[PDB]
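Q:
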Amino acid sequence: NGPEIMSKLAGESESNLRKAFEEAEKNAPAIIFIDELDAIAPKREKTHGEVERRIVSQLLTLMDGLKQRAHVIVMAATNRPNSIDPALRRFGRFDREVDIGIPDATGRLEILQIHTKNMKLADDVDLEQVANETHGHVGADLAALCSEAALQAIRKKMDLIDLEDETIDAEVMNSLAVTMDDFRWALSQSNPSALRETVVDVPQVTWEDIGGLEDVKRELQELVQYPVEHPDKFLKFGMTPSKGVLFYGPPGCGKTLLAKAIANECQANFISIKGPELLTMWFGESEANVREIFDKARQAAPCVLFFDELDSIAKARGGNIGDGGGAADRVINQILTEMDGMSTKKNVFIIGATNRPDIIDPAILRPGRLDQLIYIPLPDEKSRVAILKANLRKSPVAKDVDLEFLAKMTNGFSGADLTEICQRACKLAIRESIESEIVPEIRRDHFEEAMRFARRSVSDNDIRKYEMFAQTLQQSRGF
Amino acid sequence: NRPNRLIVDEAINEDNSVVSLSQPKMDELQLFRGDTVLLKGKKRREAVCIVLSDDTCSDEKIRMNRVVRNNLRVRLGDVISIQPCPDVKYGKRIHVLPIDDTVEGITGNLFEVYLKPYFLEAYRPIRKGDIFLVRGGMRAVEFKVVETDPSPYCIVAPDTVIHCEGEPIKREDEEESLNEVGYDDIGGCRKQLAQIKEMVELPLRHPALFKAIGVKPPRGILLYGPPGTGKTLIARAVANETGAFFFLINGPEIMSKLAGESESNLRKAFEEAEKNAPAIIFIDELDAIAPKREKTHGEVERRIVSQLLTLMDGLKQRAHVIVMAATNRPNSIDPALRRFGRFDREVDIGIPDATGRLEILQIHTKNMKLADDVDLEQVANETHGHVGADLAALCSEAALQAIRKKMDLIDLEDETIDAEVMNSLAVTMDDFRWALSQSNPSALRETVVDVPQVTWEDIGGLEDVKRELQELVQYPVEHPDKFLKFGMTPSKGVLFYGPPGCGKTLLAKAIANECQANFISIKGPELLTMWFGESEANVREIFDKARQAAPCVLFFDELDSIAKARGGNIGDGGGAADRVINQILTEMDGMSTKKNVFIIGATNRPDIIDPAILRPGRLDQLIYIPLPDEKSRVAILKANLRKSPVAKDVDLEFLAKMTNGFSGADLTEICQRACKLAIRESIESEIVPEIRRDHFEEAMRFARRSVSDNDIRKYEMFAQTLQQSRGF
Ligand SMILES: Nc1ncnc2c1ncn2[C@@H]1O[C@H](COP(=O)(O)OP(=O)(O)OP(O)(O)=S)[C@@H](O)[C@H]1O
Ligand SMILES: Nc1ncnc2c1ncn2[C@@H]1O[C@H](COP(=O)(O)OP(=O)(O)OP(O)(O)=S)[C@@H](O)[C@H]1O
Ligand SMILES: Nc1ncnc2c1ncn2[C@@H]1O[C@H](COP(=O)(O)OP(=O)(O)OP(O)(O)=S)[C@@H](O)[C@H]1O
Ligand SMILES: [Mg+2]
Ligand SMILES: [Mg+2]
Ligand SMILES: [Mg+2]
């Protein structure tokens, strides 16, 4: 144990390490597990006492003194891998690194089953729903949630259980069952530890969540699925696949949904890094964080690395023209460096999205970094019908609602505008239900009233400017 | 089975021994309001008391006072055996004796000050060996009957004679000192006390059951909050209200020891706790011994932190040991301590609100005698940044001020004054006003998480935005079933934009008030100064604090100041997005949807607000607050003139039609100027107390318009085209 070793007196912890290694070498094949390795071996550049440096040097010597004949395997665990002294992570000391990441929905469902297999669950307990409703939770968080649910179940059974009795018998303990309400209460007051952690997972949104955009769907399929599914054709014809795609167009037209859906179809890991996130994570002058992003994407291959809201990055210094200076600062140079320095044979795909193509820096568009320029326009008449149908899948829409009428009544609306219209109509239906309580079907009148106050989020001049950039954006770089 | 067992928990009646039951219970046990009941406890002892009729207490619970809780030797959560006693009782002789642990320093005839105005008009029953508490004379003493007629056969009657002995008896170890801190000594923290009880008392009170079940007990409770909020008081109370051995570890006291001797003290404390039954280890000022190991100098301190981590990790479920810690700087604690298995439960003891601080004032003045003009509610309202320690200091200062005016009536030559004059000294409301006049609130800089007082009645007009805010906030928190039926996820953000002084802040505060939800106001200048220290964790702490207060509304006022830090969207060419705004967007995107936190932004510069704020999922409900029209101006004037004695001849609609481009702030300025003219008239006439029509005419003569016509046109332009914004 890290803290247990560090708690000893100076010159006594080294004896403990030597004794542990001697015992491991003596006693057959053995495993040495050093829990919380960062406790005893932090970076020697950032440490105060010489006793700590003696400890680190002793650990290095013991690791280097390991022979193949010893049949001794040393395992270590640390929640701060970057705080570990770099000398430990070299060859011969700690070469294999295993990342125990945050569990996904299926994994956390499995954890919930493992932790509730001892408990008795009521018939209304839906562990799948609980797993879906827990996002930032880890195994410890789920264990705490299960324990809290069991305690809540007990707290309502204090009368059926004779608290005067010293040791209750099992004929009543099994009668106490944990209801889904208890799990809901436990989930209501729970603090997920891994909320801030970046998510590496396959997104749930599929092509059915996207209306229209069939051509870009086909293009994304050809760009992503084919190199990962049929490498033989690519090596036969001799072309190296392009590793980057840039999405540009008016806001709210589905740039994020397209990246998530293409990640879903390939069943590849998806990492979303937003522009504001980069701007705050670099403000601490931490150049290793954006490098860690690319490293994390590398181990998740096949993976798609999606940089959303590049306009926020490009608006940090004004833009390409702006007042005269360039928008390239901070992360973007390191992002370009990482894109140029990533292995081609790796299955990592990089997708960028921005609704400000005017101010995107030219170096992003250079071939070899992001040379597949895909323009997502505003939906046309049929795409608007498709978008409305996709957004109204989960709502009980009445039969008399004419979706194509709404599509032809909206011309310059984007996908976000149509979603806003649907949400406003649903909110009017909710208000109607609330008023009638003091019917549960959204009607034609609700859509008419919502369309009365519907607003257009893209100007005609903006449409013209986007059309201009849709044709001439490859040029950009050069002047 | 046995419909006579009652669950024991603390009462709410601030009086002597009076038990309170639920509505079905007095009918089920055939006892009326003014009836005599008998309480039977453990160790073959009884108690007699008078029931109270209560309805909104619980389904099945008795209410047990702390005065006679020790009389039955029963603690919180215990089971008691009740019995109605329809036996007529009357006292003839009751030999009563105080205890010489709390009556020291009191002389004279203690009956006429303590017992005489406590017995009559009460008719309370007294049992053999009863320890009842009497407050008075700016101190509290408990009292003990030792000899009377056979038990109990005694009630308080005017026909009961008494005689003093002058030799109080000593206190044995069979009973617990009532002078010690209990649950009733803490005010303003009932939710936190409820959480602490739920997390602590069940494992401690039933260690065998918790060992039999084999489930994880929370053993890492960490109290935190501003200094003087009662963390130590809460820990000591929880220790006293449960039969758990309590071992106290002081941060500075441990750190003051020599190197290699503090570790011995920590090990000894943990060994004692493990050995002695269920136990509580309280480490007051945890940051003293365990700061961040990244920021620390000596290796002895790191040894201390590592030893603490090892001791915390060496805790087993069979040990039945709960470790509690208190720190006023939770962020200075080493992060390794706050992980799973060491300190997982965190309880925030925040600044008390007006009701909480009123409760604290009552708790601290219950010993003192207050004059009839003392309005503790007014004192609580007038104290904003005060904490429990601040209020205790205020009460002590008021008592000292009262004494300072009584130095002549009290013989300062006499060694020990008698209580017949001490009770005559009463603390006046003037003394409290003087104490409040010179007092330094410690928690002035702390952010306030409270339900605001301003309601819709403080806002004139704006009916449509009131309805829209109700639909946006109340409905998702009141009827989630409709939302999940229709499949729409509620929007979590609203942006207010419009001309200045039209009620953007009042709307957010009022919608917080109506929902009875916590309200956090963060102003733009506050963000700009709090980020200037390069503290990225502070705006994260704001969102974290809003998360625990759910349902809560997080209001960012004066976003123009944030947007004007770098000029604006166009400006000289650069963007206004800097510093906080990127982290604010990150926090908005990274907050849980099922949480009931609602985010409201306000700005009077919609031109320079950065587009990323308006993206769907962050702040997509764009609500425009215009200048008040004719009827809204009447409503605004009426709302502003609620507290003033406006004369009957004042025509408010005339003023409304005489003001066209005025905002709410302009009308408030007009009302204030008219009131100031009335004040000047009163002052001049002193060398009438009704603001008149002439005052309003004179104020309107100098009334000024704070929004230009060009500004009105520009706001109307942005009122129609602001969703566009983002994109070019
Ligand atoms: N093709 C589409 N089909 C269905 N919904 C869409 C479509 N395009 C946009 N939306 C809606 O618009 C929302 C925003 O989608 P995004 O992919 O984030 O759009 P965007 O192009 O990235 O622009 P922003 O800045 O993110 S709003 C989605 O959550 C949908 O509700
Ligand atoms: N909520 C409260 N109710 C009643 N009295 C209180 C309350 N908070 C504080 N007090 C009084 O103020 C005194 C000081 O409180 P303490 O608990 O000692 O301070 P603290 O909470 O430990 O914070 P520290 O020690 O300065 S970090 C207590 O002894 C009480 O007399
Ligand atoms: N609808 C209203 N009814 C009554 N008083 C109002 C109203 N609108 C504004 N006021 C007055 O104007 C003051 C300022 O209110 P705020 O809500 O802060 O206005 P604002 O829109 O936030 O603009 P500023 O920058 O804060 S003055 C209030 O304290 C009231 O005195
Ligand atoms: Mg997006
Ligand atoms: Mg303390
Ligand atoms: Mg304001």
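Top line first, the protein sequences correspond to chains D and C. Under PDB author numbering, the letters of the first sequence match residues 270 to 707, 728 to 768, in that order. Under PDB author numbering, the letters of the second sequence match residues 21 to 707, 728 to 768, in that order. Even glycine gets a Cβ: it sits at the ideal position worked out from N, Cα and C.
#1: May I ask which residues mark the beginning and end of the alpha helix (DSSP H) holding C/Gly61?
#2: Which runs of the alpha helix (DSSP H), 4 residues or longer, sit entirely within the segment 429-471 of chain D?
#3: To which residues of the same chain is C/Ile656 closer than 6 Å at the C-beta, ignoring the five residues directly before and after it?
#4: When the distance is taken between beta carbons, is C/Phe265 closer than 9 Å to C/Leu331?
#5: Take D/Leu429 and list the residues in its own chain whose beta-carbon comes closer than 8 Å to its own, dropping the five residues that flank it on each side.
#6: If you count every other CB in all the chains shown that lies within 10 Å of the CB of C/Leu432, and 16 or more means buried, which is it?
#7: Use the C-beta contact count for C/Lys677: other C-beta atoms within 10 angstroms, 16 or more gives buried, fewer gives exposed.
#8: Can you tell me the Cβ-Cβ gap for D/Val493 and D/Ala530, rounded? I've got them flagged as a contact below 8 Å.
#9: Which value, in whole angstroms, describes the spacing of the CA atoms of D/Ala528 and D/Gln603?
#10: DSSP state of C/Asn616, grouped into three classes?
#11: Kindly identify the DSSP beta-bridge partner or partners of D/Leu547.
#12: Could you check if C/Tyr755 is buried or exposed, using at least 16 other CB atoms within 10 Å of its CB as the buried criterion?
#13: What are the residues of the segment 84-103 of chain C that lie near chain D, defined by any Cβ-Cβ distance shorter than 8 Å?
#14: Using DSSP with H/G/I as helix, E/B as strand and the rest coil, what is D/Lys386?
#15: Taking the alpha-carbon positions, what's the C/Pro178 to C/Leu140 distance?
#16: Taking C/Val485 as the query, report the chain D residues whose CB atoms sit under 8 Å from its CB, ordered along the chain.
#17: Quick check on C/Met84: does DSSP put it in helix, strand or coil?
#18: Run through DSSP, which three-state label would C/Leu242 get?
#19: Between the beta-carbon of D/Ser664 and the beta-carbon of D/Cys691, is there less than 9 Å?
#20: Is D/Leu456 closer than 9 Å to D/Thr385 when the C-beta atoms are compared?
#21: Which bits of chain C does D/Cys535 rub up against, with CB to CB less than 7 Å?
#22: Could you check how far apart the C-beta atoms of D/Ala632 and D/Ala597 are, in whole angstroms? I think they sit under 8 Å.
#23: Would you please verify whether the beta carbon of C/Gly507 is less than 9 Å from any beta carbon of chain D?
#24: Beta-carbon within less than 6 Å of C/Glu673's beta-carbon, same chain only, minus the 5 sequence neighbours each way: which residues are those?
#25: Just list the residues that DSSP pairs residue 719 of chain C with in beta bridges.
#26: I'd like to confirm something about C/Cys695: is its beta-carbon nearer than 8 Å to some heavy atom of ligand 3, or not?
#27: Please decide whether C/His226 counts as near chain D, where near means a Cβ-Cβ distance under 9 Å.
#28: Between the segment 422-452 of chain D and chain C, which residues of the former have CB atoms less than 9 Å from a CB of the latter, in chain order?
#29: Indicate whether D/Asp451 and D/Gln490 have their beta-carbon atoms separated by less than 9 Å.
#30: Pick out every residue whose C-beta is nearer than 5 Å to a heavy atom of ligand 3: which are they, in chain order?
#31: Anything in the segment 743-758 of chain D with a Cβ closer than 9 Å to a Cβ of chain C? List those residues in chain order, please.
#32: If you measure between the beta carbons of C/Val154 and C/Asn85, is that distance less than 9 Å?
#33: Per DSSP, C/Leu642 forms a beta bridge with which residues?
#34: May I ask you to list, following chain order, the residues of the segment 281-296 of chain D that have a beta carbon less than 7 Å from some beta carbon of chain C?
#35: Tell me, to the nearest whole angstrom, how far the beta carbon of C/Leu574 is from that of C/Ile619; I am working on the premise that it is less than 8 Å.
#36: Does DSSP classify residue 14 of chain C as helix, strand or coil?
A: So, from the listed chains and residues:
#1: Where C/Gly61 is concerned, there is no enclosing alpha helix (DSSP H), given that its DSSP letter is neither H nor E.
#2: 439-442, 449-457
#3: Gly480, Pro648, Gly684, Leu687
#4: no
#5: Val441, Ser444, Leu445
#6: exposed
#7: exposed
#8: No, D/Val493 and D/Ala530 are not in contact; Cβ-Cβ is about 11 Å, not under 8 Å.
#9: 22 Å
#10: coil
#11: Note: D/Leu547 sits in no beta bridge, so no partner.
#12: buried
#13: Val99
#14: coil
#15: 7 Å
#16: Ordered by position in chain D, no residue passes the 8 Å Cβ test against C/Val485, which lies about 14 Å from the chain.
#17: strand
#18: strand
#19: yes
#20: no
#21: Per Cβ cutoff of 7 Å: no residues; D/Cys535 is ~25 Å from chain C at best.
#22: 7 Å
#23: yes
#24: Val654
#25: Missing here is residue 719 of chain C; chain C as given proceeds from 707 to 728 without the residues in between.
#26: no
#27: yes
#28: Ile423, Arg424, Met427, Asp428, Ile430, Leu432, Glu433, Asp434, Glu435, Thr436, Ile437, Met442
#29: no
#30: C/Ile479, C/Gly480, C/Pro520, C/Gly521, C/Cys522, C/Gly523, C/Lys524, C/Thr525, C/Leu526, C/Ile656, C/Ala659, C/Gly684, C/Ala685, C/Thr688
#31: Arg744, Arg745, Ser746, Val747, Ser748, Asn750, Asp751, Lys754, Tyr755
#32: no
#33: C/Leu515
#34: none
#35: 5 Å
#36: Lying outside 21 to 768, the shown extent of chain C, residue 14 of chain C is not represented and no answer is given.
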